[PDB]
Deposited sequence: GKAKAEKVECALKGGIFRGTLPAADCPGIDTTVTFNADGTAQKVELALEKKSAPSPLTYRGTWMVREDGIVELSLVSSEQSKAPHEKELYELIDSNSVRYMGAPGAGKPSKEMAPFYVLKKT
């Protein structure tokens, strides 16, 4: 439970930006909802959930996983069931 609620605390209210292999934004609202923006701004809305292993499930509108590197960074891991990791990082803004 410790890991999960630590990830929860670090993310909610936070907006994370980075250019993935497309300038991308991911906002984890504290109400449990989420927003993703891509650049011709494409927009995706939905909710985010945290497992007990720490991973963050994002269901927009099929699932996007996210890992919390540190308090201010998050890595896009791709869909569930999936040395250039730094290019998938999203820094808090």
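Note: segments 1, 23 to 28, 47 to 54, 77 to 85, 107 to 111 of the deposited sequence have no C-alpha coordinates in the structure.
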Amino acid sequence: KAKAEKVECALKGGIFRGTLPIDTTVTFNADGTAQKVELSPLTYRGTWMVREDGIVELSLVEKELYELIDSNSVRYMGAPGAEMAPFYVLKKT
From here on, numbers count along this sequence of modelled residues.
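Note on 73 to 81 vs 12 to 20: mean CA B-factor is higher in 73 to 81. The PDB entry records a higher mean C-alpha B factor for 52 to 60 than for its counterpart among 25 to 33 and 52 to 60.
Among all modelled residues in this chain, the alpha-carbon of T43 has a temperature factor (C-alpha) in the middle third.
Among all modelled residues in its chain, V7 ranks in the lowest third by Cα B-factor.
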